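No value in this document is a laboratory result; all are computed from the given coordinates. Here the Cβ is made from the backbone with ideal geometry for all residues, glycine too, and neighbour counts use every protein chain on show.
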Amino acid sequence: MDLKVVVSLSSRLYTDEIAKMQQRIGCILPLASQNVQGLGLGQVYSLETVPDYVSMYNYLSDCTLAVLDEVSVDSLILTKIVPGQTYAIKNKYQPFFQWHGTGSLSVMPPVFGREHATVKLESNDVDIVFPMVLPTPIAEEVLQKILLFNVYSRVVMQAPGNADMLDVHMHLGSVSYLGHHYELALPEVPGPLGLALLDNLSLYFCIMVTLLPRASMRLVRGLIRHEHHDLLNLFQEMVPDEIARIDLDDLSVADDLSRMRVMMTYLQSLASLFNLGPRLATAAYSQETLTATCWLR
Amino acid sequence: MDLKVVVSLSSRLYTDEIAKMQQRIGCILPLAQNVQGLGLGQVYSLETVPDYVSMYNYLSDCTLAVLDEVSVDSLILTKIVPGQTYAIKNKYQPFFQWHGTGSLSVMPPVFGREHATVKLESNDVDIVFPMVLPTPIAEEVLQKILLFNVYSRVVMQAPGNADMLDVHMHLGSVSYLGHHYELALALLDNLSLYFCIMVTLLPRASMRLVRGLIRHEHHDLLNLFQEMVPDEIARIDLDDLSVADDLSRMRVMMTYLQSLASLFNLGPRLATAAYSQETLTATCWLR
Amino acid sequence: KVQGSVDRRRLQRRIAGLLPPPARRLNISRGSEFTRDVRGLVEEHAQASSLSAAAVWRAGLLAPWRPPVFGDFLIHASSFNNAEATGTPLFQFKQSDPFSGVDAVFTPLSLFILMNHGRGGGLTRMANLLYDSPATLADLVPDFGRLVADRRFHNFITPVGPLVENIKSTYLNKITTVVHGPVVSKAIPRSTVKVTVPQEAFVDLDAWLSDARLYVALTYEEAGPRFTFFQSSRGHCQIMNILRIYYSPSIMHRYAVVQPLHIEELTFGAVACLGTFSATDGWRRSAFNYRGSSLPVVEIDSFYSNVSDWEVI
Amino acid sequence: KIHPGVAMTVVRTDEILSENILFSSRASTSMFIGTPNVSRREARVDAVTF
Amino acid sequence: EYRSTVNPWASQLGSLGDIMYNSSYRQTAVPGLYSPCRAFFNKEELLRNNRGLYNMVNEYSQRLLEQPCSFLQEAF
């Protein structure tokens, strides 16, 4: 099991960059397989294209990751992520995320600005942007928020009375966190592969909308007729037309089994579409030195 | 490498504690060492309600462990690496099956709280082992308990719609690989509620997403074929609602669909290779 | 006469330093040969557990070559054919009857003749030539047409990785398959192993795109199913999307004519990952010949079969 | 076989497998020869490779 | 040598004893229950046991298991 994988450069890494590269030791970097381009995320996230956060997410999820351990001049070494090994990762990322509960860590592209996780390489004509590491639920809500903006920018633009384009830019806004709110970067056009992901998600959504369990409709109608639950607060004591008109029929035992069976297989397929990108299960994160020991989950 | 973990018990133990570790040596428990927080003993404390999503997110939070030995004060146990294979038995209060199932599940025991909770009067640690069961058994019993508690709460709202005999004829009898098993009976209530709000928010969210992605590919074979199928009764009532309430609906919808997708995925996913009937053991590795 | 860049003595002592320790013999023959082994054992535990330099020296001296798990099955020697190759990925169909002393597995030629019996090139004649009757495998499986009507054929087929050890008997042939870990030879000595996949049921996903994982793919074609095997070095979690795109030109094109009822038939195929072979070694095409004729076959060396679950497309 | 009214310059690449001649002066570079160290790779059950 | 068949209601390819116990019409049955004449009326079990007896006798001629009593497909 080899880990010490050097990446040979071709020019002199000057001392203006050696300082900030030694500043970023213990972070995570994605691999190509070395050559000076394609080792990082600047090969797929350039300034020429829109920051789409899906094609670079595809490059993060397709190819493996690596810890940066030492940066010499003219060459730097990398340490791979093979499973079964406990890797120690420092939190060296400018939007800070405190790992109190020590959940499963999760890689992300720099959706909180290119400028915090970039490094300027003037040795060779290449720029390297670091992936963002953060726990799983914040990562999943970043995914859902960036796809919601990528599907809703077009339909807010599509209205002729676009009196509120800035409504979603604050409504989505920051990320949802208690101790501090962290604003992110929002692209106007979702690009090709983001739209392919929404296309597959729309495929799955319209297939599962062909089978709805009618039994929960009776329970939510009863909870409307009963006291207003705090989880029901999104309805504000209103029965919409759709839930009022999907309940003209009866409730039986025949449809429910096949409904919930195909809902089991399609929700497992949706988890497989949301098990997206490589994740790191975390045990024994020592806060006093900020090292989260992880094996490849 | 010794993957074994040592836990010192607080006080001295006695006879049926040895009998119940001999009963539960083969079965397994999660992890956080500290003798209070060994497994699910901080969720099954009765001063709070034993909930399913908190226990499930704890079980997915912490690792897993194989209990191996209990002396007068020690708790010899090993944990789970993804690397090498360990030996697993059933030793479970439902004694279900092992017929060559290549995919396993580890769920907290919905069949009985006290069926897997072992209690000591000298040591209040009330430790408990979540039920390991194969994946078709797992999905069949989770369906047949979720729809059962849905029907129970619906009868509690209005008993005139749903009955109990025709649902006990079908939704109480799991059947897998020739074997016909029987099971009947808060945590499933709230789990059902999350599904209840997800399946009632799925109509508006589904028509909004297919109305956003309906004419992206301006003449697609696949997009038109997924548009020809679904409900004509569904795709009418969207444009009436305000913006912020709509996006809050979609946001809560996406959070709980990701939660219920990861929850319908079977959590700790073990995998067996060769099961021996006469010893009641199989070899397993983490997957 | 001159000096090399390497001295042989330094490399020799470096290899002697980095050498693993010998495995501990224990002669049960003579007591004089037994007391030296038990004295070596107690001295080994003493110098491996006492708090001195000996403990850390022996701890650094240890290398961690773990043996993989093996699946021993009993199959009918008439329902199998021992003339097929060794490294064939077997598929144990789940038998619901508990009153069955044996089990049933499937080479790709056997399930190929099952799919052809449920409804080609040279491989269909090769599979008819190897397995002479599809009726044997047809009534071997209890419910074939019903389980393909409800489309749950995929979770009833559990892949058990490649075949390595296969004895030949009259009744009740015994086979041995590696399930998890590296493929290796167990009874026959642990030298080398290959994985034989039929080339006509094995397509490269990345060549269609134009580590190295291997994916088994069931598809439910609208006249009757088919297995295909997919090799791709792409993501473990980004294999569903590309294969959805790959099966996209077929699905509605043959799904316009069919419409389901009593609801089933929405699941169009399911896919598991058989495991990973190394990116260093590629797959080398060869020829698989029965006594009638030959067939092209793909050899995959150095596999690490880690069978995942079937995932619906 | 009529003329299309447009002439075409047709470019083409060509690879020539030449065999070259390298000349270098005396004492041009100064090689520094290291001394080799061994390692341990993925030790399989049949061979422990270095 | 004289009587081709004593029981015409189970010995034909599609007769009564065949169509309820052979696996070609036993699709909608529960597999957990045991049926003792499945060892007698499965066509594949009969061809399998006969070919096994044939190659066992032929193999011992060429030289120079769960149950022995099910070799002879007869009951007592």
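Once phi is turned into ³J(HN,Hα) by the Karplus curve 6.51 cos²θ - 1.76 cosθ + 1.60 with θ = phi - 60°, what whole-Hz value does each residue of the range C:186-193 show in order, with x for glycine and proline?
9, 7, 4, x, 6, 10, 7, 8
Between the range B:50-106 and the range D:1-24, how many Å separate their Cα centres?
Taking the Cα centre of each part, the range B:50-106 and the range D:1-24 sit 70 Å apart.
Taking the Cα centre of the range B:1-130 as origin and charging only Cβ (+1 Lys, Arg; -1 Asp, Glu), how large is the dipole, in debye to the nearest 20?
That gives a dipole near 380 debye.
Given A:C294, C:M126, A:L178, which one lies farthest toward the positive end of the charge dipole of the protein assembly as shown, if we put +1 on the Cβ of every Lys and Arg and -1 on the Cβ of every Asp and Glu?
C:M126
What net charge is computed for the residues neighbouring B:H216, neighbours being all others with C-beta under 12 Å from the C-beta of B:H216, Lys and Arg scored +1, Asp and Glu -1?
Summing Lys/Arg as +1 and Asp/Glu as -1 gives -1.
Using modelled amide H (1.01 Å from N, peptide plane; none on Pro or chain starts), what sits under 5 Å from the amide H of A:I89, excluding residues fewer than 5 places away?
Under 5 Å from the amide H of A:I89: A:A292, A:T293, A:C294.
How many angstrom lie between the Cα centre of the range C:258-279 and the Cα centre of the range B:111-140?
Comparing the Cα centres of the range C:258-279 and the range B:111-140, I get a distance of 34 Å.
Can you compute 3J(HN,Hα) from phi for each residue in the range C:4-13, using the Karplus curve 6.51 cos²θ - 1.76 cosθ + 1.60 with θ = phi - 60°, rounded to whole Hz and x for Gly and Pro?
Coupling constants for the range C:4-13: x, 5, 10, 7, 5, 5, 6, 5, 5, 6 Hz.
If amide hydrogens are placed 1.01 Å from N in the peptide plane, which non-local residues have theirs closer than 5 Å to the one on A:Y53?
Answer set, sorted by chain and number: none.
Among C:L205, B:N57, C:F144, whose Cα sits farthest toward the positive end of the charge dipole of the protein assembly as shown (+1 at Cβ of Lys/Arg, -1 at Cβ of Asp/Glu, about the Cα centre)?
C:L205
Could you give the size of the charge dipole of the protein assembly as shown about its Cα centre, using +1 on the Cβ of each K and R and -1 on the Cβ of each D and E, expressed in debye and rounded to the nearest 20?
3800
With the cut-off at 1.5 for a/c, could you classify the range C:13-160 from its C-alpha gyration tensor as rounded, prolate or oblate?
Verdict is prolate for the range C:13-160.
Please work out the C-alpha center-to-center distance from the range B:1-37 to the range A:193-236 and express it in whole Å.
43
Calculate the dipole size of chain B relative to its Cα centre from +1 charges on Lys and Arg beta carbons and -1 charges on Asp and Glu beta carbons; express the result in debye to the nearest 20.
In total the dipole reaches around 540 debye.
Whole-Hz ³J(HN,Hα) for each residue in the range A:16-24, computed from phi via Karplus 6.51 cos²θ - 1.76 cosθ + 1.60 with θ = phi - 60°, x for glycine and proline: what do you get?
6, 9, 5, 5, 6, 6, 5, 5, 9
For the residue pair A:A32 and E:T5, what label-to-label distance in nm results when each label sits 7 Å from Cα along the Cα-to-beta-carbon direction?
Modelled inter-label distance: 7.6 nm.
Grab the other residues whose beta carbon is less than 15 angstrom from that of D:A43, score K and R as +1, D and E as -1, and report the net.
+2
Among B:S122, B:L193, B:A138, which residue has its Cα furthest toward the positive end of the charge dipole of the range B:109-224, with +1 on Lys/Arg Cβ and -1 on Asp/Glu Cβ?
B:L193
Arrange the following residues from fewest to most other Cβ atoms within 10 Å of their Cβ: A:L273, B:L238, C:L218.
Ranked by crowding around the Cβ, least crowded first: B:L238, A:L273, C:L218.
Label the range C:88-191 by shape, choosing from rounded, prolate and oblate, from the square roots a ≥ b ≥ c of the eigenvalues of the Cα gyration tensor; if a/c is under 1.5 it is rounded, and otherwise prolate applies when a/b is larger than b/c, oblate when it is not.
prolate
Show the residues, 5+ positions off or on another chain, whose built amide H is closer than 5 Å to the amide H of B:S105.
B:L133, B:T135, B:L270
Given R₀ = 41 Å, FRET efficiency for D:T13-C:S250 by Cβ-Cβ distance, to 0.05?
About 0.55, to the nearest 0.05.
Quick check: pseudo-label points 7 Å beyond the Cα along Cα→Cβ at A:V239 and B:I76, how many nm apart are they?
For the pair A:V239/B:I76, the computed spacing is 6.5 nm.
With a ≥ b ≥ c the root eigenvalues of the C-alpha gyration tensor of chain B, is it rounded (a/c under 1.5), prolate (a/b larger than b/c) or oblate?
Taking the square roots of the gyration eigenvalues as a ≥ b ≥ c, chain B is prolate.
What's the local net charge at B:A138, with K and R +1, D and E -1, over the other residues with C-beta under 15 Å away?
Net charge in that neighbourhood comes out at +1.
Taking 7 Å along the Cα-to-C-beta vector as the label spot, tell me the B:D166-A:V156 distance in nanometres, rounded to one decimal.
4.9
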